[PDB]
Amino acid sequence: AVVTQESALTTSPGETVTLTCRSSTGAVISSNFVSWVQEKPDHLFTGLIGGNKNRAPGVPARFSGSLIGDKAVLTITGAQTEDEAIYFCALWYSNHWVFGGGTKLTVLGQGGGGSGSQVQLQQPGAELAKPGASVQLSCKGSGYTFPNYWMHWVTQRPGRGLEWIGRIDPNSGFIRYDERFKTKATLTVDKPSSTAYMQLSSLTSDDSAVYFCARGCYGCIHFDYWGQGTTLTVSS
């Protein structure tokens, strides 16, 4: 399954912009349970929509989402200068998430207009590791009841886009891995320290990338809050 978005769109402050997201099946359906997330510079992600149409609490009213004409659509009614960002949609395909390629939204024109965090996920900024070794990545959640949400892990590099690695449910113990990462990643959690861990084993040069944790929950706003990302460098 391949998820397609407009590569770029240009708007101005005060205009209404629609961003679209199509499935290679020919239709985005309700069970794809779509999230929309926004990336700003220094790979700073925020979730905007979950469950196809639910605006995440705290997200401004100018954002809305729904399924229309066999696609998923995010609408910004009255774009603001600060909405310049990369917007990604994420679709659930029964046992894995797939991200679109992202839409770079440029907002050109008069700044200064528009309408104006409990949850934090803390990740170390960087890790350096040698080939053939393993590395542990950590993600400490604060400001919510940590075991009651799942933790997703996602990776990003330019050219490859965003790739979902897997998720862990602290209260059930159930873990899902994407097929691409099933032998590379191991997910664990420690409830007393409110920390989720990802081990990457048998490191190679191909593993250098940014690795994020992001909260999720069945039927709720997947990818609502994200860590800042850990940049892993595998030495030569």
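Start at 1 with the first residue shown and count on from there.
Residue-level annotation: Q120 has coordinates in all of the other entries compared, counting only those that model residues on either side of it, so it never reaches the one-third mark. In at least one third of the other compared structures of this protein with flanking residues present, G111 is left unmodelled. Where coordinates are absent for parts of the deposited sequence, a chain break appears; between neighbours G116 and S117 it spans 4 to 9 residues. As the entry records it, the average C-alpha temperature factor is higher for 179 to 187, out of 35 to 43 and 179 to 187. For the pair 84 to 92 and 121 to 129, the mean Cα B-factor is higher in 121 to 129. Of the candidates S23, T10, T16, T20, the deposited coordinates give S23 the top C-alpha B factor. For the set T77, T106, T103, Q110, the PDB entry puts the maximum C-alpha B factor at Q110. Annotation for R157: C-alpha temperature factor in the highest third relative to the rest of the modelled chain, per the entry. Residue-level temperature factors show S66 in the middle third of its chain, judged at the C-alpha atom. The deposited CA B-factor of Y144 belongs to the highest third of values across its chain.
Remark: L200 belongs to the middle third of its chain, ranked by C-alpha B-factor as recorded. Residue-level temperature factors show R55 in the highest third of its chain, judged at the C-alpha atom.
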